[PDB]
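Residue numbers (the authors' numbering), protein chains in the order written: chain A, 1 to 436; chain B, 501 to 936. The beta-carbon is built from N, C-alpha and C at its ideal position, and this holds for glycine as well. Some notes on the structure that comes next.
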Ligand SMILES: OC[C@@H]1O[C@@H](O[C@@H]2[C@@H](O)[C@H](O[C@@H]3CO[C@@H](O)[C@H](O)[C@H]3O)OC[C@H]2O)[C@H](O)[C@H]1O
Ligand SMILES: OC[C@@H]1O[C@@H](O[C@@H]2[C@@H](O)[C@H](O[C@@H]3CO[C@@H](O)[C@H](O)[C@H]3O)OC[C@H]2O)[C@H](O)[C@H]1O
Ligand SMILES: O[C@@H]1[C@@H](O)[C@H](O[C@@H]2CO[C@@H](O)[C@H](O)[C@H]2O)OC[C@H]1O
Ligand SMILES: O[C@@H]1[C@@H](O)[C@H](O[C@@H]2CO[C@@H](O)[C@H](O)[C@H]2O)OC[C@H]1O
Ligand SMILES: O[C@@H]1[C@@H](O)[C@H](O[C@@H]2CO[C@@H](O)[C@H](O)[C@H]2O)OC[C@H]1O
Ligand SMILES: O[C@@H]1[C@@H](O)[C@H](O[C@@H]2CO[C@@H](O)[C@H](O)[C@H]2O)OC[C@H]1O
Ligand SMILES: O[C@@H]1[C@@H](O)[C@H](O)OC[C@H]1O
Ligand SMILES: O[C@@H]1[C@@H](O)[C@H](O)OC[C@H]1O
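Below is the structure:
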């Protein structure tokens with residue numbers, strides 16, 4: 001369809017997934033969102049080295065199958081995460097070196113992939129093998145010490161274990177094209193493809209924050225890797241602050257690249273995130289869709305037709321032909337907004353911020369005083385509350401994040417002075433808005 | 501001692517208090533702040549009816565005394581809260597009505613005031629006796645049902661129990677003069693003064709939010725009651741969003757009325773607030789001062805003798821005479837800012853929001869990716885993180901809310917291109933900024 005992320009992505013042959021935590025599958029609020037929005041699943045921890053092989057030789061797939069089963073039963077493919085990694089290695093592997101580790105690594109791969117043979121769409125065969133030292137070289141780990149050729153061996157092994165699975169190299173901070181880490185990974189994959197090493201994909205974790213910000217050149221990075229002859233996938237996406245524009249930009253970068261299989265966000269609600277302090281996901285802890293959720297859905301669905309009032313613009317009601325107006329250009333907090341003949345004026349110029357606010361006068365925010373039908377919509381000092389955040393639906397409707405209700409011209413009024421309130425979305429013309 | 505709220509309030513002959521929860525007194529972070537900043541204390545719950553008279557005729561002051569003991573031990577006066585109220589009534593009282601409830605009410609006042617006789621500066625004798633239906637009438641409670649005279653009886657009883665205390669009538673939604681509830685209370689107080697009913701004060705809770713926002717006519721409300729011959733006090737102040745301007749405005753309103761005894765904010769840190777979801781106080785959960793704190797302090801100190809950069813403006817370092825500049829007018833997230841020759845360019849126009857952000861381009865925020873010295877100050881999409889909020893100190897320095905560090909011109913550099921960083925605050929000219 002086009003009302004959920006997974007369905008929207010499928011329209012272009014792609015998937016939109018998440019990271020599932022087994023301990024939450026018992027939470028109905030959690031599973032209600034997950035089963036509905038995503039068609040791809042990655043076990044957040046259940047399929048890692050320490051979890052699938054607690055003791056060398058003895059494999060445990062209980063927790064993993066739990067996630068795997070839920071996924072397939074609910075219509076989702078699975079990304080295996082992960083086979084060869086320097087982190088989250090069980091204690092016994094952390095003490096292995098030389099040719100014995102190399103052997104342990106190979107066994108582990110055969111074991112996990114054997115168990116899930118033919119059931120995994122994508123396997124993160126090797127994860128984070130490059131350093132952040134700025135040199136573009138291999139990270140210094142027990143695995144790297146077994147020989148520079150360990151990555152290649154891991155991939156050749158994997159291909160044997162399960163030729164049906166797409167084999168990916170996964171890593172973070174390899175999104176910005178100008179980074180040495182990015183280039184080192186690029187050179188490696190190019191080489192692998194030239195020498196014939198069995199690698200089918202590169203996973204871009206895409207953990208963006210002010211420390212390592214998203215950069216428009218991310219698309220260039222994806223296109224370059226795609227040109228090598230391998231698929232690309234956004235594997236663990238989360239953006240600090242969950243900016244609508246950035247989430248939409250990453251989404252469009254994937255859509256702009258034919259080889260971009262899909263996008264996986266690292267968690268369901270912000271409260272489930274490994275970095276909840278950055279409220280980096282698409283759903284609030286209370287389960288409500290954030291502004292970024294609708295920006296992603298719209299991008300996946302192809303979006304609108306023409307460019308929006310990028311910073312500054314009027315919001316005109318479809319049924320009335322009138323604009324959202326702040327009475328007498330008042331700046332008083334608590335002043336309820338109204339409908340009025342459109343004209344150039346600041347009290348009619350609204351800016352949609354990446355945070356999902358509809359700002360007027362620069363520091364005033366469209367604000368909902370409550371969450372039920374009839375709630376008054378007014379201006380109030382901006383502070384970031386969810387009752388000041390809105391989702392801009394592609395159907396012309398504007399929905400409050402906190403209330404999940406639509407901007408509504410009271411009683412379907414069209415005359416000047418008609419007040420604005422929150423009300424159950426009805427697709428009515430007094431709940432649809434366009435551009436002047 | 502204009503360095504703390506209490507000390508600064510004292511220079512205008514006023515106090516600045518908070519609400520203390522005894523269960524948090526064992527928290528050093530909480531007490532360090534509470535002891536330093538306030539010189540007035542109100543027990544958030546420990547002196548209420550249910551807490552002081554658990555069973556009819558059986559008084560318990562353990563919780564109350566823990567708060568009181570801490571208050572006087574740290575040089576603070578105490579506001580007793582509260583003696584007669586329709587809410588938080590112990591079960592045995594909720595079951596009463598008529599003459600039996602009337603006497604219980606009187607018995608409670610006598611027992612509680614007797615224990616604290618001569619130790620309480622102000623007592624909220626009656627709390628929330630008026631309705632919100634918008635009629636300005638009395639609230640329909642078991643207390644009101646005993647007779648319309650119950651409030652008068654409560655005050656006469658209180659004066660007799662401890663004539664050394666100021667007797668206050670406390671309520672909410674009585675700050676906006678145009679509201680019926682406000683006028684209803686005004687008429688009652690006026691009635692009491694005329695007939696000689698003992699009443700020395702009116703407490704305006706001041707719980708401001710988008711449901712009932714602050715209105716500048718609050719100053720007239722305070723003036724109106726003051727004219728009746730009673731002192732006035734802002735008793736449970738908290739503002740949804742903690743707007744710097746709203747906090748400064750409420751502070752100035754009180755300072756504009758000679759009879760306004762002082763201001764009490766309902767809580768220390770946002771996490772201690774009964775409405776933490778509204779982040780309505782002056783300190784963060786980590787104990788750090790918020791943008792609103794500095795605005796209240798500056799307000800208490802009389803503020804700047806000249807209007808700040810209202811609606812955009814340049815920020816010029818004193819030790820360099822150069823302006824805060826975004827390299828090549830770039831709008832790319834992650835771009836570290838610099839010092840550069842001041843000129844009418846948008847990449848040099850910064851706007852300080854009520855949330856404490858230093859915005860550029862409209863939706864880009866001065867950002868710090870880290871909390872330690874040497875951390876680069878850059879621009880990033882605005883999302884409300886504390887690493888995107890700043891305090892404008894009277895000494896001319898700009899401090900990061902999350903880091904507690906000052907914007908610093910690297911190596912005291914002065915030439916163009918000099919980068920900005922976060923560093924331990926100094927009185928240096930490379931950390932001083934003039935509002936031009
Ligand atoms: O709270 C009581 C009254 O209810 C609200 O006012 C209502 C208003 O909410 C209602 O809105 C209509 C509802 O149907 C929708 O299809 C339509 O789009 C929407 O405009 O219209 C009647 C009006 O009286 C206020 O809370 C108060 O008036
Ligand atoms: O969440 C449990 C505890 O609840 C907070 O305490 C609140 C207290 O702050 C509240 O005070 C009322 C607020 O409304 C005013 O009109 C009234 O005058 C004032 O007394 O009363 C309820 C009580 O539960 C604790 O901080 C939080 O830990
Ligand atoms: O585990 C990984 C983290 O170690 C990694 O940390 C990043 C390092 O570079 C900085 O610029 C980033 O801000 C910081 O997040 O992030 C990815 C995560 O998987
Ligand atoms: O719950 C946490 C997981 O969410 C976390 O996941 C890792 C984050 O960093 C990425 O680089 C890894 O690929 C990803 O598996 O691991 C730690 C766990 O506690
Ligand atoms: O219990 C009391 C609440 O019922 C009261 O609610 C207020 C109603 O009017 C609105 O305008 C206010 O925003 C809202 O807080 O608040 C005080 C509380 O003690
Ligand atoms: O790396 C060095 C910085 O750490 C250094 O920081 C200075 C510390 O003292 C403060 O008084 C200065 O303002 C601050 O710049 O600056 C030089 C840089 O090379
Ligand atoms: O110019 C007029 C404007 O001032 C008013 O607010 O709305 C109608 C316009 O024609
Ligand atoms: O950012 C600077 C810009 O403002 C100035 O005009 O030219 C030099 C740039 O570095």
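Contact of residue 177 of chain A with chain B by beta-carbon distance below 7 angstroms is absent, the smallest such distance being about 13 angstroms. Per DSSP, the continuous alpha helix (DSSP H) segment holding residue 650 of chain B begins and ends at 650-661.
CA-CA distance, residue 898 of chain B to residue 289 of chain A, rounds to 36 angstroms. Remark: fewer than three beta-carbon pairs, one from each stretch, lie closer than 8 angstroms, so the stretch 324-342 of chain A and the stretch 36-49 of chain A are not flagged as touching. Secondary structure at residue 517 of chain B: strand, using DSSP grouped into helix, strand and coil.
The straight-line gap separating the alpha-carbon atoms of residue 873 of chain B and residue 216 of chain A is approximately 29 angstroms. Looking at the DSSP output, residue 579 of chain B sits in a beta bridge with B:542 and B:622. Contact between the stretch 682-690 of chain B and the stretch 590-599 of chain B is not established, with fewer than three Cβ pairs separated by less than 8 angstroms. Residues are counted here when their Cβ sits less than 8 angstroms from a Cβ of chain A; for the stretch 833-847 of chain B these are 833 and 834, given in chain order.
Short note on residue 840 of chain B: C-beta closer than 7 angstroms to some heavy atom of ligand 8. Around residue 544 of chain B, the same chain offers 519 and 521 as residues with beta carbons nearer than 6 angstroms, after the five sequence neighbours per side are excluded.
In summary, residue 213 of chain A is buried, with 16 or more beta-carbon neighbours lying within 10 Å of its beta-carbon over all protein chains present.
Contact annotation: residue 868 of chain B and residue 211 of chain A have beta-carbon atoms that are not nearer than 8 angstroms. As summarised for the stretch 821-856 of chain B, the continuous beta strand (DSSP E) elements at least 3 residues long and confined to that stretch are 823-825 and 838-840, given in chain order. If you check the C-beta of residue 671 of chain B against ligand 8, you find no heavy atom less than 7 angstroms away. One alpha carbon belongs to residue 371 of chain A, the other to residue 379 of chain A, and they sit about 16 angstroms apart.
Every residue whose beta carbon comes nearer than 7 angstroms to a heavy atom of ligand 6 appears here in chain order: B:873, B:874, B:908, B:909, B:910, B:911, B:912, B:921, B:923, B:926, B:928, B:930 and B:931. In summary, residue 280 of chain A is buried, with 16 or more beta-carbon neighbours lying within 10 Å of its beta-carbon over all protein chains present. Residue side-chain check: residue 415 of chain A keeps its Cβ at 7 angstroms or more from all non-hydrogen atoms of ligand 7. The Cβ of residue 329 of chain A sits no closer than 8 angstroms to any Cβ of chain B. Cβ neighbours of residue 269 of chain A within its own chain (closer than 6 angstroms, five residues either side excluded): 283 and 285. A contact between stretches requires three or more CB pairs, one per stretch, nearer than 8 angstroms, and the stretch 321-330 of chain A fails this requirement with the stretch 295-312 of chain A. For residue 882 of chain B against residue 353 of chain A, the beta-carbon gap comes to about 7 angstroms, under 8 angstroms, which counts as contact.
Chain B has no Cβ within less than 8 angstroms of the Cβ of residue 238 of chain A. The DSSP assignment places 718-726 as complete runs of the alpha helix (DSSP H) inside the stretch 691-750 of chain B, in order along the chain (cut-off: 4 residues). Straight-line measurement puts the Cα of residue 887 of chain B at about 15 angstroms from the Cα of residue 920 of chain B. Set against 7 angstroms, the gap from the CB of residue 207 of chain A to the closest heavy atom of ligand 3 is smaller.
Sequence-distant Cβ neighbours of residue 588 of chain B in its own chain, meaning closer than 7 angstroms and more than five residues away, are 548, 549 and 550. Counting only runs of at least 4 residues, the stretch 753-801 of chain B fully encloses the following alpha helix (DSSP H) elements, listed from N- to C-terminal order: 791-800. Contact between the stretch 121-131 of chain A and the stretch 239-259 of chain A is absent, with fewer than three C-beta pairs closer than 8 angstroms. When the Cα atoms are used, residue 747 of chain B and residue 79 of chain A turn out to be separated by approximately 51 angstroms. For chain B, the residues of the stretch 377-409 of chain A that bring a beta carbon within less than 9 angstroms of one of its beta carbons are 378, 380, 381, 382, 383, 384, 385, 387 and 388, in chain order. One thing to note: residue 218 of chain A has its Cβ within 8 angstroms of the Cβ of residue 250 of chain A. Residue environment: residue 296 of chain A is assigned as buried (16 or more neighbouring CB atoms within 10 Å of its CB, all protein chains considered). Residue 841 of chain B is classed as exposed because its beta carbon has fewer than 16 other beta carbons within 10 Å across all chains shown.
Taking 8 angstroms as the upper bound for CB-CB distance, residue 231 of chain A and residue 255 of chain A are not in contact here, some 14 angstroms apart.
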